[PDB]
Structures are given as structure tokens and as C-alpha cells.
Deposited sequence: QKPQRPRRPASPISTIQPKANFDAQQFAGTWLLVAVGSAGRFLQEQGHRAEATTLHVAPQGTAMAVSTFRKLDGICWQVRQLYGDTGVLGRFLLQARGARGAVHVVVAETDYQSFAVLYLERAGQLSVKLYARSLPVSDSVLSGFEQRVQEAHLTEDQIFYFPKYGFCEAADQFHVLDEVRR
């Protein structure tokens, strides 16, 4: 049924090795990109995820909980009430340099490439592109995010807790 159910999650996904900071490199989607950083922390079998984005010089933080859906590597971003549930799968990753995640919102699949640091190896970028094509998305539906202007901390007036 769901497009994401056909994607295989990382074999024996290990939240402990996936923990830490991840930088958003690009997103393949059919739906201004800000420098985005992810801070991941295991929480039981789920993962506490904070996302930091620099908006007009100001750093914003959003706290979310990637709930465990039973299959290792597959998570669920709670139907926030206002906006559908988001299914997430960590498909491929070596934990030490890159990670390819797939997201599904309202039956629509998207693919995101994350890196531990820049630059991303040519091999991984091509691999990501190969995966976007296979997901039936075009080269024009790939959005590259900023390689500068990242932020990883916000003050109390710019924190949105969705947990």
C-alpha cells in the first residue's frame, strides 16, 4: 500500500551509532531552504530528534520524537493533530559519514540525504541521486540545502516542542 513500506530499512539499525549530529544535504521531493542540522538521541527504542534551522540570522529549534513502529529503522513522527503522520525509514547509512532517509506524508514519498560533515563523497551523492530516480522523482525535484549558516542552538523564545 504505502510507498515507504517497499523501502528496506537499514539492516540491524543501531540508534546508538546513529546518535549525534547530522547535516541535511539534499531532499528529493514532489511537494527558501535553510541550513539544517539534526541532533539525534536514543530514547528507549525511539529517537529524540531536535532540528535546528537558521532563519534570517536567528536559530530555531524544533523538538520531536521519532517513535519506534516495531520494525528496526522505521519510525513515526506523530500526527501532530494539525498535519498528517509522517513515517520515516533510515534506509542506508554507515553511521560515520552519511545517511539516506525516506519520509512519507499523505502517501507522498520523499528522500533526504544527511552527512556527518561536508563535503559529501561523490559516491554517496551519486548513490542518493540514484535512489531519488528509483523513487520516481526527477533531478529537478532534488533541492540542495545550504552548505553554510548552520546553527545548533536556540534560545527559549525559538524552541518548539512537539513532544
Sequence order list of spans that the model leaves without C-alpha positions, deposited numbering: 1 to 9, 41 to 48, 181 to 182
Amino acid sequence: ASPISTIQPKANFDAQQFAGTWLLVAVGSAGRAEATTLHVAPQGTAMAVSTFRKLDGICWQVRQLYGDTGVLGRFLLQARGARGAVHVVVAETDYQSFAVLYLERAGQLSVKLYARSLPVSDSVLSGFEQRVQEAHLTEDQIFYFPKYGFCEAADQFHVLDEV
From here on, numbers count along this sequence of modelled residues.
80 to 88 set against 67 to 75, stretch whose average Cα temperature factor tops the other in the entry: 80 to 88
Greater mean Cα temperature factor according to the PDB record, 16 to 24 or 135 to 143: 135 to 143
Highest-ranked of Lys112, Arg105, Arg116, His39 once sorted by CA temperature factor in the record: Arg105
Lowest, middle or highest third - CA B-factor, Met47: lowest
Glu129 CA temperature factor, ranked by third within the chain: middle
Chain third (lowest, middle, highest) by recorded CA B-factor, residue given as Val62: middle
